[PDB]
Every structure is written in C-alpha cells, then in structure tokens.
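input-v5.pdb follows; it contains PDB, C-alpha atoms and all ligand atoms.
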ATOM      1  CA  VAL A   1      -3.557 -19.445  81.119
ATOM      2  CA  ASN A   2      -0.924 -17.624  79.038
ATOM      3  CA  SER A   3      -0.570 -14.245  77.332
ATOM      4  CA  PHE A   4      -1.259 -15.377  73.759
ATOM      5  CA  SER A   5      -4.341 -13.729  72.270
ATOM      6  CA  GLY A   6      -6.385 -13.771  69.079
ATOM      7  CA  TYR A   7      -5.545 -17.268  67.785
ATOM      8  CA  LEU A   8      -7.927 -19.588  65.989
ATOM      9  CA  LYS A   9      -8.040 -23.089  67.453
ATOM     10  CA  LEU A  10      -7.137 -25.900  65.068
ATOM     11  CA  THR A  11      -6.783 -28.804  67.508
ATOM     12  CA  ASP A  12      -6.490 -29.496  71.214
ATOM     13  CA  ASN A  13      -2.920 -28.149  71.288
ATOM     14  CA  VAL A  14      -2.356 -26.109  68.075
ATOM     15  CA  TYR A  15      -3.499 -22.509  67.545
ATOM     16  CA  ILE A  16      -2.917 -20.241  64.525
ATOM     17  CA  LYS A  17      -2.871 -16.464  63.927
ATOM     18  CA  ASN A  18      -2.165 -14.161  60.965
ATOM     19  CA  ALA A  19       0.754 -12.348  62.580
ATOM     20  CA  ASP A  20       4.360 -11.219  62.132
ATOM     21  CA  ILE A  21       6.315 -13.558  64.415
ATOM     22  CA  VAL A  22       8.789 -10.774  65.237
ATOM     23  CA  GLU A  23       6.127  -8.339  66.428
ATOM     24  CA  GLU A  24       4.269 -11.155  68.196
ATOM     25  CA  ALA A  25       7.407 -12.175  70.104
ATOM     26  CA  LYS A  26       8.033  -8.577  71.193
ATOM     27  CA  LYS A  27       4.460  -8.307  72.510
ATOM     28  CA  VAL A  28       4.085 -11.710  74.180
ATOM     29  CA  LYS A  29       7.722 -12.165  75.216
ATOM     30  CA  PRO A  30       7.078 -15.929  75.143
ATOM     31  CA  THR A  31       9.234 -18.431  76.948
ATOM     32  CA  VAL A  32      10.272 -19.982  73.610
ATOM     33  CA  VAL A  33      10.290 -18.552  70.101
ATOM     34  CA  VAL A  34      11.192 -20.950  67.287
ATOM     35  CA  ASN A  35      13.622 -19.850  64.593
ATOM     36  CA  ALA A  36      13.552 -21.274  61.062
ATOM     37  CA  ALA A  37      17.277 -21.976  61.210
ATOM     38  CA  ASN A  38      19.809 -23.571  58.897
ATOM     39  CA  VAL A  39      22.558 -25.938  60.076
ATOM     40  CA  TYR A  40      25.141 -23.120  60.130
ATOM     41  CA  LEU A  41      22.914 -20.737  62.112
ATOM     42  CA  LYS A  42      23.528 -18.142  59.375
ATOM     43  CA  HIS A  43      20.544 -15.851  59.871
ATOM     44  CA  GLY A  44      20.610 -13.889  56.619
ATOM     45  CA  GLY A  45      17.059 -14.053  55.295
ATOM     46  CA  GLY A  46      13.603 -15.390  55.981
ATOM     47  CA  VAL A  47      12.352 -15.642  59.544
ATOM     48  CA  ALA A  48      15.931 -16.136  60.769
ATOM     49  CA  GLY A  49      17.106 -12.884  59.201
ATOM     50  CA  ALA A  50      14.060 -11.065  60.571
ATOM     51  CA  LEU A  51      14.444 -12.371  64.140
ATOM     52  CA  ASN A  52      18.162 -11.663  64.069
ATOM     53  CA  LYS A  53      17.591  -8.097  62.822
ATOM     54  CA  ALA A  54      15.165  -7.529  65.718
ATOM     55  CA  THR A  55      17.935  -8.558  68.158
ATOM     56  CA  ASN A  56      20.303  -5.971  66.640
ATOM     57  CA  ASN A  57      22.502  -8.898  65.410
ATOM     58  CA  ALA A  58      22.998 -10.290  68.943
ATOM     59  CA  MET A  59      21.434 -13.578  67.794
ATOM     60  CA  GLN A  60      24.047 -13.916  65.038
ATOM     61  CA  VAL A  61      26.930 -13.099  67.413
ATOM     62  CA  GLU A  62      25.772 -15.773  69.854
ATOM     63  CA  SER A  63      25.173 -18.228  66.993
ATOM     64  CA  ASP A  64      28.649 -17.830  65.481
ATOM     65  CA  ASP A  65      30.203 -18.584  68.871
ATOM     66  CA  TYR A  66      27.952 -21.668  69.147
ATOM     67  CA  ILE A  67      28.988 -23.004  65.720
ATOM     68  CA  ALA A  68      32.681 -22.264  66.293
ATOM     69  CA  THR A  69      32.509 -24.454  69.413
ATOM     70  CA  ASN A  70      30.075 -27.208  68.413
ATOM     71  CA  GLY A  71      30.004 -27.372  64.619
ATOM     72  CA  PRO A  72      26.821 -27.403  62.552
ATOM     73  CA  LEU A  73      23.432 -28.795  63.452
ATOM     74  CA  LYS A  74      21.755 -31.680  61.607
ATOM     75  CA  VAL A  75      18.825 -31.170  59.265
ATOM     76  CA  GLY A  76      15.927 -32.118  61.529
ATOM     77  CA  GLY A  77      17.853 -31.027  64.620
ATOM     78  CA  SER A  78      17.752 -28.048  66.954
ATOM     79  CA  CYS A  79      19.577 -26.113  69.625
ATOM     80  CA  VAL A  80      18.397 -23.843  72.436
ATOM     81  CA  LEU A  81      20.046 -20.416  72.573
ATOM     82  CA  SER A  82      19.075 -17.097  74.122
ATOM     83  CA  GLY A  83      15.858 -15.384  73.076
ATOM     84  CA  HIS A  84      17.524 -11.961  73.499
ATOM     85  CA  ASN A  85      14.867  -9.191  73.543
ATOM     86  CA  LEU A  86      12.267 -11.438  71.871
ATOM     87  CA  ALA A  87      11.769 -14.370  74.274
ATOM     88  CA  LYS A  88      13.479 -16.147  77.127
ATOM     89  CA  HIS A  89      14.892 -18.766  74.740
ATOM     90  CA  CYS A  90      15.133 -19.267  71.011
ATOM     91  CA  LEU A  91      14.757 -22.834  69.767
ATOM     92  CA  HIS A  92      16.662 -22.904  66.459
ATOM     93  CA  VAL A  93      15.070 -25.733  64.459
ATOM     94  CA  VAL A  94      16.409 -26.881  61.088
ATOM     95  CA  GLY A  95      13.656 -28.050  58.799
ATOM     96  CA  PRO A  96      14.669 -29.481  55.430
ATOM     97  CA  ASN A  97      15.132 -26.900  52.680
ATOM     98  CA  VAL A  98      13.504 -28.363  49.573
ATOM     99  CA  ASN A  99      15.127 -25.657  47.438
ATOM    100  CA  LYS A 100      18.494 -27.106  48.515
ATOM    101  CA  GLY A 101      17.307 -30.637  47.688
ATOM    102  CA  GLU A 102      16.940 -31.784  51.306
ATOM    103  CA  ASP A 103      14.600 -34.642  52.147
ATOM    104  CA  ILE A 104      11.107 -33.389  53.029
ATOM    105  CA  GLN A 105      10.645 -36.529  55.157
ATOM    106  CA  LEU A 106      12.878 -34.854  57.787
ATOM    107  CA  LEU A 107      10.090 -32.358  58.531
ATOM    108  CA  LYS A 108       8.532 -34.674  61.133
ATOM    109  CA  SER A 109      11.883 -35.024  62.920
ATOM    110  CA  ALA A 110      12.215 -31.230  62.914
ATOM    111  CA  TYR A 111       8.789 -30.788  64.557
ATOM    112  CA  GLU A 112       9.615 -33.434  67.200
ATOM    113  CA  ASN A 113      12.005 -30.893  68.724
ATOM    114  CA  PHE A 114       8.951 -28.853  69.769
ATOM    115  CA  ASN A 115       7.884 -31.626  72.179
ATOM    116  CA  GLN A 116      10.766 -30.727  74.507
ATOM    117  CA  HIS A 117       9.007 -27.425  75.375
ATOM    118  CA  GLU A 118       5.614 -26.968  77.003
ATOM    119  CA  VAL A 119       4.628 -23.826  75.036
ATOM    120  CA  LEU A 120       6.144 -22.331  71.860
ATOM    121  CA  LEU A 121       5.577 -19.469  69.429
ATOM    122  CA  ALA A 122       6.600 -20.746  66.015
ATOM    123  CA  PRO A 123       6.531 -20.271  62.245
ATOM    124  CA  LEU A 124       5.654 -23.070  59.839
ATOM    125  CA  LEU A 125       8.891 -25.036  59.505
ATOM    126  CA  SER A 126      10.291 -25.572  55.994
ATOM    127  CA  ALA A 127       7.803 -23.084  54.485
ATOM    128  CA  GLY A 128       8.710 -19.709  52.994
ATOM    129  CA  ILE A 129      12.004 -19.813  51.106
ATOM    130  CA  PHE A 130      12.633 -23.320  52.474
ATOM    131  CA  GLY A 131      10.305 -24.392  49.669
ATOM    132  CA  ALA A 132       7.867 -26.842  51.263
ATOM    133  CA  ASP A 133       4.108 -26.372  50.935
ATOM    134  CA  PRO A 134       2.898 -24.492  54.050
ATOM    135  CA  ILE A 135      -0.268 -26.620  53.995
ATOM    136  CA  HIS A 136       1.923 -29.715  54.400
ATOM    137  CA  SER A 137       3.984 -28.061  57.147
ATOM    138  CA  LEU A 138       0.827 -27.299  59.142
ATOM    139  CA  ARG A 139      -0.367 -30.904  58.739
ATOM    140  CA  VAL A 140       2.927 -32.444  59.889
ATOM    141  CA  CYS A 141       2.929 -29.971  62.781
ATOM    142  CA  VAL A 142      -0.521 -30.912  64.092
ATOM    143  CA  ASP A 143       0.255 -34.626  63.670
ATOM    144  CA  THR A 144       3.636 -34.450  65.473
ATOM    145  CA  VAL A 145       3.612 -31.773  68.158
ATOM    146  CA  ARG A 146       1.894 -32.656  71.425
ATOM    147  CA  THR A 147       2.878 -29.558  73.406
ATOM    148  CA  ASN A 148       1.130 -26.185  73.067
ATOM    149  CA  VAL A 149       2.111 -24.475  69.818
ATOM    150  CA  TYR A 150       1.066 -20.994  68.723
ATOM    151  CA  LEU A 151       1.700 -20.640  65.004
ATOM    152  CA  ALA A 152       2.240 -17.213  63.469
ATOM    153  CA  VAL A 153       1.483 -16.999  59.746
ATOM    154  CA  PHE A 154       2.791 -13.831  58.087
ATOM    155  CA  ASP A 155       0.785 -13.835  54.845
ATOM    156  CA  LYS A 156      -2.950 -13.119  55.156
ATOM    157  CA  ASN A 157      -3.883 -14.983  51.985
ATOM    158  CA  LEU A 158      -1.903 -18.029  53.103
ATOM    159  CA  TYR A 159      -3.492 -17.904  56.561
ATOM    160  CA  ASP A 160      -6.945 -17.970  54.954
ATOM    161  CA  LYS A 161      -5.978 -20.943  52.786
ATOM    162  CA  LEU A 162      -4.481 -22.900  55.705
ATOM    163  CA  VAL A 163      -7.555 -22.570  57.907
ATOM    164  CA  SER A 164     -10.160 -23.290  55.230
ATOM    165  CA  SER A 165      -8.424 -26.454  53.954
ATOM    166  CA  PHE A 166      -7.569 -27.873  57.372
ATOM    167  CA  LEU A 167      -9.029 -31.301  58.055
TER     168      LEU A 167
HETATM  169  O1  LIG B   1       3.178 -16.389  55.901
HETATM  170  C1  LIG B   1       3.958 -17.205  56.441
HETATM  171  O2  LIG B   1       4.199 -17.259  57.667
HETATM  172  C2  LIG B   1       4.650 -18.245  55.547
HETATM  173  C3  LIG B   1       6.105 -18.345  55.963
HETATM  174  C4  LIG B   1       6.576 -19.429  56.736
HETATM  175  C5  LIG B   1       7.921 -19.518  57.130
HETATM  176  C6  LIG B   1       8.843 -18.531  56.754
HETATM  177  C7  LIG B   1       8.409 -17.445  55.987
HETATM  178  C8  LIG B   1       7.056 -17.361  55.600
HETATM  179  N1  LIG B   1       4.603 -17.999  54.099
HETATM  180  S1  LIG B   1       4.241 -16.450  53.404
HETATM  181  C9  LIG B   1       4.535 -17.075  51.814
HETATM  182  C10 LIG B   1       4.436 -16.354  50.615
HETATM  183  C11 LIG B   1       4.681 -17.053  49.422
HETATM  184  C12 LIG B   1       5.019 -18.428  49.437
HETATM  185  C13 LIG B   1       5.128 -19.131  50.658
HETATM  186  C14 LIG B   1       4.873 -18.422  51.847
HETATM  187  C15 LIG B   1       4.901 -18.963  53.229
HETATM  188  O3  LIG B   1       5.174 -20.116  53.522
END

Conversion result in structure tokens:
Amino acid sequence: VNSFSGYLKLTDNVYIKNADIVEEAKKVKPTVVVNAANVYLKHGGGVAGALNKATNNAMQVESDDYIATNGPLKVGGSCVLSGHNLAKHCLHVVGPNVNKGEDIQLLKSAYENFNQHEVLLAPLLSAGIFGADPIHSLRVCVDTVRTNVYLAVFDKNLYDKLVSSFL
C-alpha cells in the first residue's frame, strides 16, 4: 500500500492519472519523482523547468555542481539527485529529443532506468517539447518498466486519448 490515489490501472504495474506532476509530487511526497531531463541538466522549460521552479531553483544549483564534477549524461541515461521539497530523490532521465534529431530508439533505454526503483512518479518520457508521440511513450513505458510506475499526464485531452487507445 502507498499514498498514490485516483489512478486508472493500465497494467499490472502501470497506473495513469490526469495530474500536474509538480502538484502531485508535493501532495504524495513520493520516494522518487522522475524528471524529463536533458544531458546538461539545464532545467529551463518543460517538466524540468516546472520541477526546478517548485524547488526555488535548488534543483538547478545541485545539478550544475553535478555536471561540473561529472560531465553530461548520455541520451538514454539517468542520475539520482535530491528530490528537494518534492520527493526523497529525483531520477533525472534523458529521453531522446526528437526535435533535436535524437534517435527515438533510445526511448526504451531511457525507460530501463525506472527498473532500478521500486516505485516512481513520472511523466511520459520524450513527450511534450521532446517531440515524441505521447501514445508511443506510454507504449514503450508499459513494455519496458517492470517496477511500479505512476504516470502523471498534464493535458486532459491527451489523457483521454491515451486511455481510450491503449491496447
Ligand atoms: O500532458 C502531458 O503530461 C504531456 C507531457 C509529457 C511530458 C512533458 C510535458 C507534457 N503532454 S501535454 C501536450 C500538449 C501538446 C502536445 C504534446 C503534449 C504532451 O506530451
């Protein structure tokens, strides 16, 4: 039993809700919240910008120190940093950004990072301004992640489309 509430059940291990991931993280205070990161951990826009704003820029400060020490991530890769006021930990996962010309095939590798954590609150990787079809992101998710994932979908109309077309 966990403190997630109001999710539709897609599969044995994947649940989905029409919710703002920022407000959901503040309410649940999950163990792990997933960020839609880029390799530089530059959290300017999208989910990354929104999560970072909710931490009062503490996420960016921590991230810049991480990059200065370790260099960039790989597309498909991840790192675990603090969750600040939103969660215990933030798993920064780099899905491919189609709008940058990155290989959509790396989406499965990106989702594999989720399997290192028993329970996660997450957005649809590579969707939004990363340019991949959210329907495809949900499919790769369900077919890759074996741990318990709670997906927050921001847009109501997209949420409706994702559920009704899910096989
Ligand atoms: O609603 C959501 O959660 C997702 C989403 C996933 C990751 C980051 C930001 C947004 N949306 S809304 C939306 C509106 C127009 C076109 C695409 C999307 C889309 O993919």

Env of residue A:36: 7 Å cut, atoms = only C-alpha atoms, seq-sep filter 5 positions within chain, self excluded. Answer as a list in words.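 Contacts, with the query itself left out: residues 47, 48, 92, 93, 94 and 125 of chain A.
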
On this structure, which residues satisfy the PyMOL selection byres (((chain A and resi 95-103) around 6) and not hetatm), written as a ChimeraX atom specification? /A:75-76,94,104-107,110,125-126,130-131

Quick one: residues within 6 Å of ligand LIG 1 (chain B), with all atoms listed in the file, as an MDAnalysis selection string? chainID A and resid 46:47 123:124 127:128 134 153:155

Interatomic distance between atom CA of residue A:161 and atom CA of residue A:138? 11.3 Å

I'd like the contact shell of residue A:164 - 12 Å cut-off, all atoms listed in the file, skipping same-chain residues fewer than 4 positions apart - returned as number ranges by chain. A: 8, 10, 135, 157-160

Where's the centre, and what are the edge lengths in Å to one decimal, of a box along x, y and z enclosing all listed atoms of stretch 97-113 of chain A padded 8 Å per side, as AutoDock Vina command-line options?
--center_x 13.5 --center_y -31.1 --center_z 58.1 --size_x 26.0 --size_y 26.9 --size_z 37.3

Can you tell me how far atom CA of residue A:108 sits from atom CA of residue A:136, in Å to one decimal?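 The value is 10.7 Å.
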
Nearest candidate to residue A:166 (options A:68, A:137, A:23, A:60; using only C-alpha atoms): A:137

What gap, in Å, lies between atom CA of residue A:31 and atom CA of residue A:88? 4.8 Å

Hey, which of A:82, A:121, A:116, A:167 ends up closest to residue A:7? Count all atoms listed in the file. A:121

Residues at most 12 Å from residue A:71, counting all atoms listed in the file, excluding those fewer than 6 positions away in the same chain, as a ChimeraX atom specification? /A:39-41,63-65,79

Output C-alpha atoms for every residue in that selection, as a short mmCIF file (atom, residue, chain, number, x, y, z; two decimals), in the frame of the given file.
data_model
loop_
_atom_site.label_atom_id
_atom_site.label_comp_id
_atom_site.auth_asym_id
_atom_site.auth_seq_id
_atom_site.Cartn_x
_atom_site.Cartn_y
_atom_site.Cartn_z
CA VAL A 39 22.56 -25.94 60.08
CA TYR A 40 25.14 -23.12 60.13
CA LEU A 41 22.91 -20.74 62.11
CA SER A 63 25.17 -18.23 66.99
CA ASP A 64 28.65 -17.83 65.48
CA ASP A 65 30.20 -18.58 68.87
CA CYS A 79 19.58 -26.11 69.62
#

Which of A:77, A:61, A:4, A:43 sits closest to residue A:28 [using only C-alpha atoms]: A:4

With a distance cut-off of 12 Å and only C-alpha atoms, select the neighbouring residues of residue A:56, excluding the residue or stretch itself and same-chain residues fewer than 6 positions from it, and output the selection as an mmCIF file with C-alpha atoms, in the frame of the given file.
data_model
loop_
_atom_site.group_PDB
_atom_site.id
_atom_site.type_symbol
_atom_site.label_atom_id
_atom_site.label_comp_id
_atom_site.auth_asym_id
_atom_site.auth_seq_id
_atom_site.Cartn_x
_atom_site.Cartn_y
_atom_site.Cartn_z
ATOM 1 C CA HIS A 43 20.544 -15.851 59.871
ATOM 2 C CA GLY A 49 17.106 -12.884 59.201
ATOM 3 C CA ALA A 50 14.060 -11.065 60.571
ATOM 4 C CA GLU A 62 25.772 -15.773 69.854
ATOM 5 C CA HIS A 84 17.524 -11.961 73.499
ATOM 6 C CA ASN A 85 14.867 -9.191 73.543
ATOM 7 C CA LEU A 86 12.267 -11.438 71.871
#

Run the PyMOL selection byres (((chain A and resi 141-144) around 7) and not hetatm) mentally over the shown coordinates, then write out the matched residues as a VMD selection string, using the chain letters and numbers from the document. chain A and resid 14 108 111 to 112 137 to 140 145 to 146

Might you pull out every residue within 6 Å of residue A:120, with all atoms listed in the file counted and same-chain residues fewer than 5 positions away left off, and present them as a VMD selection string? chain A and resid 32 to 33 149

With distances taken over only C-alpha atoms, which residue among A:129, A:54, A:162, A:152 lies nearest residue A:5? A:152

Counting only C-alpha atoms, which of A:34, A:122, A:73, A:151 gets nearest to residue A:89?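 Going through A:34, A:122, A:73, A:151 one by one, the smallest distance to residue A:89 is for A:34.
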
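Closest to residue A:51 among A:90, A:13, A:80, A:19 is A:90, based on only C-alpha atoms.
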